[PDB]
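The next block holds one structure in the form of structure tokens; read it before the comments.
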Protein chains: 2
Amino acid sequence: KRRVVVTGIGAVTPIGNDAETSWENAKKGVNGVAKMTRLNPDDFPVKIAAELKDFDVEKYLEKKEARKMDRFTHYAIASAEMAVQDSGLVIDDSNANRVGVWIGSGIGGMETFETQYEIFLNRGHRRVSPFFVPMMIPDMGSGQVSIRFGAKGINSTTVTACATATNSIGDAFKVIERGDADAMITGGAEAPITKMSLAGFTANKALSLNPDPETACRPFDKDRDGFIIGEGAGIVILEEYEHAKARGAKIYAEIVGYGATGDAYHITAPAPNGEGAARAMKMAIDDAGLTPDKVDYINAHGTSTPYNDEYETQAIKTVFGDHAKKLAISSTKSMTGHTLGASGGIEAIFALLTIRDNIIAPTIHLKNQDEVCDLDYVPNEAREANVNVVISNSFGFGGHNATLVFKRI
Amino acid sequence: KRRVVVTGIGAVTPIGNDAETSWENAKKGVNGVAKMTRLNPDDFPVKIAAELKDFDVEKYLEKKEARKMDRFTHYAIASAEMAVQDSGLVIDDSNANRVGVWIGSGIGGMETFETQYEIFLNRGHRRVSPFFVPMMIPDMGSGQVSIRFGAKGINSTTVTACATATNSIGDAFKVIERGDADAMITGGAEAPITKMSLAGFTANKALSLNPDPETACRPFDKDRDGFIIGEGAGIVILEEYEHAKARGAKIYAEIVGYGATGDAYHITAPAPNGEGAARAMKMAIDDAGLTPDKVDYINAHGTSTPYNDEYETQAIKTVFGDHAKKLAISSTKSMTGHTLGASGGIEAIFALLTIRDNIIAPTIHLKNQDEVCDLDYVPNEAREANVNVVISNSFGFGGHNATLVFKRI
């Protein structure tokens with residue numbers, strides 16, 4: 001088995017149009033949730049969202065090229081560009097076959113589907129764009145990123161709802177571990193702030209109806225009542241360790257563990273007691289050859305729903321036992337909102353920079369202690385702490401549980 | 001590394017509502033393409049399709065349950081049920097954590113999206129179904145199959161257009177090979193015969209406009225002029241070899257190789273010369289530890305487009321050299337049509353049964369020999385041949401190349 005390290009990061013999030021700005025704002029407790037502007041809030045029961053602020057696709061694509069891509073692909077391209085540049089990796093004819101792409105999206109180009117189907121209904125089938133299919137399908141992130149950078153290794157896309165980016169990064173990790181690539185551009189992207197997405201998640205009763213952006217998203221708080229929808233992308237460059245050292249790559253950390261399990265319980269509700277989530281975390285630390293006491297920080301899934309935050313706490317107690325009270329946990333979704341398929345990529349990056357800076361970003365808005373959620377969620381204020389081993393959890397709708405482990409190197 | 005075998009098959013296809021019927025009809029050269037009935041052909045420029053014939057979801061689901069699933073998930077459930085039953089594998093509390101699901105769909109629940117968005121427009125956001133999101137997303141196949149069978153191992157979905165099922169099976173193969181599951185329910189499902197799908201593929205100029213079902217689909221024929229859309233699903237049970245022997249499982253063959261590469265060329269057009277497809281085939285046989293001369297039969301991607309069939313022939317010549325003329329090739333899409341994300345699952349099954357029966361199903365409708373496509377495509381009539389090693393190719397839109405290798409055991 002090959003060792004695998006992270007040599008580049010890139011992200012666009014509701015708290016920054018690059019990874020470093022996002023992380024600086026996360027450490028400051030900046031709230032990315034605000035009154036919705038992508039859609040008219042007067043026309044929906046949900047009035048708030050976590051949107052990108054002043055994101056300009058023209059910094060990465062010509063207008064003509066951008067028109068042939070959905071927003072979610074804009075975010076994948078921007079984040080991949082920043083990650084590739086950050087990594088200094090040169091992809092040329094000599095290594096292109098050994099550099100792949102594994103970028104997921106949970107729902108893909110929903111805005112494109114809405115726009116093109118309206119054209120179909122109002123103007124006829126002949127007026128549908130020749131690029132409708134490629135623009136809508138969730139693998140267009142990987143497809144476009146592969147073309148942009150000349151990456152000729154495996155070109156794939158995992159789609160597992162909120163776990164999309166975490167599974168994708170884990171799957172890319174396994175590609176390198178087994179020797180089938182020397183580098184991977186990997187993560188997730190999501191642009192789910194659309195009228196049908198809002199209508200569907202509202203019909204499913206998944207979204208908080210609290211219109212106050214200062215209290216709506218409050219993971220692990222007694223008064224939480226649903227998730228807040230966000231958007232963006234998070235991409236990392238994974239690289240085989242000897243390859244990285246040979247070129248002198250800057251290394252953020254080593255990726256050492258991947259756990260993935262299924263609840264086999266219900267299509268949208270997570271399983272009682274965090275049964276499957278616990279097995280995913282344990283599988284991930286077992287994959288890393290580490291005992292539970294070695295984990296210093298958990299970047300939680302922590303979506304601010306009644307079930308998730310309860311079940312995730314219970315799963316953490318199951319896996320970590322007496323150590324559950326000793327480690328630190330935080331949900332950065334308290335600041336970014338729930339970016340769905342992108343969340344694991346953004347949060348993997350935050351977990352990596354927690355190692356770098358030895359600072360844990362807080363769970364903001366945590367004001368009312370819950371009797372069940374009684375662990376240490378780093379409420380409200382960032383905390384300095386020696387962090388050497390981190391895990392990032394995504395326990396997504398559909399029973400898709402995924403955990404990644406990163407370790408200082 | 002663990003060895004991995006196939007212990008169950010299940011499929012619904014345009015030439016049979018079970019795998020054995022489909023394969024018997026494939027060996028007989030039965031044409032599954034006919035005048036379209038799912039949609040009104042008088043309302044579209046494409047008049048033909050490869051539809052399931054007399055498929056009844058009520059044999060697998062109660063009416064109330066079926067109403068909460070898109071057609072593509074109906075096909076995944078039916079095929080998974082038949083595959084699990086065929087395998088005799090018992091999934092209970094003692095092994096549920098070691099049985100996973102990796103089922104892909106290329107476009108997911110497009111019909112559901114069409115229906116629910118029309119409700120949104122005509123009746124308001126409040127009338128959208130609470131199950132819209134789960135029904136539409138492509139991972140609902142895996143999600144529902146996991147619940148149905150109690151499979152608590154990895155629960156994932158790869159989405160790579162026409163390569164979806166081939167990548168999914170390969171990814172599941174790698175899970176077992178590295179020790180992370182003892183069995184996997186894996187493959188692909190697609191229900192793409194919808195008005196927006198037709199409109200999009202027609203706008204992209206990908207579909208043949210030939211309305212004659214007896215000549216429209218003709219892979220490798222000089223007069224081919226686009227693919228013909230089909231539907232269905234193909235699922236296999238992969239199982240770790242020692243686990244299979246310990247319970248006396250019936251074994252169809254061993255899965256020994258998986259190749260996956262990217263063209264990095266264009267979002268819909270395949271790369272000239274089959275450059276990436278060749279690397280995927282070579283990677284797959286290298287993974288199997290076999291030289292090119294060991295391959296007896298190629299179940300081609302063979303979609304009946306000008307570029308694909310040409311480029312695939314060129315890639316085969318690149319990989320197999322002097323042996324390219326000696327092995328046998330056939331496209332069973334000549335009979336099933338192009339079932340998109342399901343194709344690799346259906347075709348993996350056909351490749352497995354080619355080993356079992358030592359009979360190669362033909363490329364039907366191959367009447368006019370092409371100067372470029374001059375290999376042996378088993379035209380028109382099935383052929384008896386000693387087949388011990390087979391490969392199945394999917395070179396899908398978006399630059400997603402995937403190949404699987406199966407070998408007699």
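Conditions: (1) under 20 Å from the mean Cα position of the chain (by Cα); (2) within 12 Å of chain A (Cβ to nearest Cβ); (3) more than 19 Å from residue A:96 (Cβ to Cβ). Residue B:287 meets all but one. Number of the miss?
That leaves (1) as the condition not met.
Which residue, of A:328, A:315, A:342, A:361, is in contact with a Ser or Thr (Cβ under 9 Å, 6 or more places away or on another chain) and farther than 23 Å from residue A:205 by Cα? Give the steps one after another, and end with the answer.
On the way: A:328 fails: in contact with a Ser or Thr (Cβ under 9 Å, 6 or more places away or on another chain); A:315 fails: in contact with a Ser or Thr (Cβ under 9 Å, 6 or more places away or on another chain); A:342 fails: farther than 23 Å from residue A:205 by Cα.
Answer to the selection: A:361.
Looking at A:402, A:382, can you tell me which residue is touching a helix residue (DSSP H, G or I) at 6+ places or on another chain (Cβ under 9 Å) and over 22 Å from residue A:278 (Cβ atoms)?
Numbers: A:402 fails: over 22 Å from residue A:278 (Cβ atoms).
The unique qualifying residue is A:382.
Tell me which residues, restricted to the range A:326-372, are in a loop (DSSP other than H, G, I, E, B), in contact with a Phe, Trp or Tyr (Cβ under 9 Å, 6 or more places away or on another chain) and crowded, with 22+ Cβ neighbours inside 10 Å.
Of the residues in the range A:326-372, the ones in a loop (DSSP other than H, G, I, E, B) are A:326-327, A:331-332, A:337, A:339, A:358, A:361-362, A:364-368, A:370-372.
Still in the list and also in contact with a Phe, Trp or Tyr (Cβ under 9 Å, 6 or more places away or on another chain): A:326-327, A:331-332, A:337, A:361-362, A:366, A:370.
Passing the criteria: A:327, A:331, A:332, A:337, A:361, A:362, A:366.
In the range B:275-310, which residues are among the hydroxyl-bearing types (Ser, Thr, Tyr), assigned to a loop (DSSP other than H, G, I, E, B) and in contact (Cβ under 8 Å) with a residue 12 or more places away in the chain?
Here is the first cut: in the range B:275-310, the residues among the hydroxyl-bearing types (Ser, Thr, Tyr) are B:291, B:297, B:303-305, B:307.
From what's left, assigned to a loop (DSSP other than H, G, I, E, B): B:291, B:303-305.
Correct list: B:303, B:304, B:305.
Is it the case that residue A:119 is assigned by CATH to the domain that holds residue A:225, in contact with a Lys or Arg (Cβ under 6 Å, 6 or more places away or on another chain) and of a type in the set (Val, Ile, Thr)?
In short, yes.
If you scan the range B:160-181, which residues turn out to be crowded, with 24+ Cβ neighbours inside 10 Å and farther than 29 Å from residue B:268 by Cβ?
Correct list: B:175, B:176, B:181.
Quick one: is residue B:313 more than 14 Å from chain A (Cβ to nearest Cβ), within 20 Å of the chain's Cα centre (by Cα) and not in a loop (DSSP other than H, G, I, E, B)?
Details: more than 14 Å from chain A (Cβ to nearest Cβ): yes; within 20 Å of the chain's Cα centre (by Cα): yes; not in a loop (DSSP other than H, G, I, E, B): yes.
So residue B:313 fits the description; yes.
Within the range B:46-159, considering only helices (runs of 4 or more DSSP H) that don't extend past its boundaries, which have at least 2 residues that are of a type in the set (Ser, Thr, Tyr) and either surrounded by 24 or more Cβ atoms within 10 Å (Cβ to Cβ) or within 11 Å of chain A (Cβ to nearest Cβ) (or both)?
Numbers: elements: B:63-66, B:71-87, B:110-123, B:132-136, B:140-149.
Filter on the range B:46-159 gives B:71-87, B:110-123, B:140-149.
For the range B:208-233, what are the residues that are farther than 25 Å from residue B:376 by Cβ and either among the aliphatic types (A, V, I, L, M) or touching a helix residue (DSSP H, G or I) at 6+ places or on another chain (Cβ under 9 Å) (or both)?
B:209, B:211, B:229, B:231, B:232, B:233
Each row is one residue, and each column tells you yes or no for (1) among the β-branched types (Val, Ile, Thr); (2) surrounded by 23 or more Cβ atoms within 10 Å (Cβ to Cβ).
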position: B:217; (1), (2): no, yes
position: B:242; (1), (2): no, no
position: B:255; (1), (2): yes, yes
position: B:258; (1), (2): no, yes
position: B:277; (1), (2): no, yes
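State the number of residues belonging to the range B:26-70 that are over 29 Å from residue B:133 (Cβ atoms), free of Cβ contacts under 8 Å to residues at least 60 places away in the same chain and basic (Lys, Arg).
1
List every residue pair whose Cβ atoms lie under 6 Å apart, where the two residues are 6 or more positions apart in sequence or sit on different chains, the first residue falls within the range A:143-156 and is touching a residue at least 12 places away in the same chain (Cβ under 8 Å) and small (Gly, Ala, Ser), and the second residue, located anywhere, is crowded, with 24+ Cβ neighbours inside 10 Å and assigned to a helix (DSSP H, G or I).
Here the result reads A:156/B:167, each pair linking the range A:143-156 to a residue that is crowded, with 24+ Cβ neighbours inside 10 Å and assigned to a helix (DSSP H, G or I).
So that you can scan it fast, the table gives a plain yes or no per residue for (1) touching a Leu at 6+ places or on another chain (Cβ under 8 Å); (2) under 26 Å from residue B:330 (Cα atoms); (3) assigned by CATH to the domain that holds residue B:367:
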position: B:189; (1), (2), (3): no, yes, no
position: B:212; (1), (2), (3): no, yes, no
position: B:216; (1), (2), (3): no, yes, no
position: B:223; (1), (2), (3): no, yes, no
position: B:236; (1), (2), (3): yes, yes, no
position: B:245; (1), (2), (3): no, no, no
position: B:267; (1), (2), (3): no, no, yes
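Looking at the range B:378-409, which of its residues are surrounded by 24 or more Cβ atoms within 10 Å (Cβ to Cβ) and over 15 Å from residue B:351 (Cβ atoms)?
B:395, B:396, B:397, B:398, B:399, B:400, B:401
Positions of Cβ are generated from backbone atoms using ideal geometry, with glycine treated the same way; all protein chains shown enter the neighbour counts. The values are calculated or read from the model by the stated rules, or taken from the named source; none is laboratory data.
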